[PDB]
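Here you get one chain, nothing else, as structure tokens; it is the form solved without the partner chain.
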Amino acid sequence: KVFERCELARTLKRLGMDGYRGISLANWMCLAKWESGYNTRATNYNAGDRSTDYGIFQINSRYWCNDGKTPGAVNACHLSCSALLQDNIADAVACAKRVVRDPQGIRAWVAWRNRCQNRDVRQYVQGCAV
């Protein structure tokens, strides 16, 4: 599914993401926007290492989830990557929480560093009542 802006904002907030590891709701929104356009079914396959990024947060199969088809992969969130392509984003949020608990934090996502880090992102939650 493709979430509407404020719909996703409310959902992420309900799922405890606002301020998680010091990351504002607006930042999580900015990450989802640039990664998948709020599309839970988004997948990005990389032929170079045969890994695939899954879901709204575009979580990579070489390290975070298992898809049974990525060479030399690990599964840090202990979850199947298909659970990251569901309309119910509870699993995706839980795994995103895990990712950011590593040293680099939210800087793990190159898109976030390029389009969100140090920039105004207040627009993402404008008029959402969150």
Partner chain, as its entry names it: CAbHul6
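Numbering follows the first chain given and starts at 1.
Mean CA temperature factor is higher for 46 to 54 when stretches 46 to 54 and 76 to 84 are set side by side in the entry. Of the two segments examined, 67 to 75 and 89 to 97, it is 67 to 75 that shows the higher average Cα temperature factor in the deposited entry. Annotation for residue 111: C-alpha temperature factor in the highest third relative to the rest of the modelled chain, per the entry. In the PDB entry, residue 104 places in the highest third of its chain by CA B-factor.
In the PDB entry, a CA B factor belonging to the highest third of its chain's modelled residues is recorded for residue 13.
Only in words, not in the display: the form deposited with the partner chain bound, which the text now covers.
Taking the partner chain as positioned in the deposited bound form, none of the residues of 21 to 58 brings a heavy atom within 4.5 Å of it.
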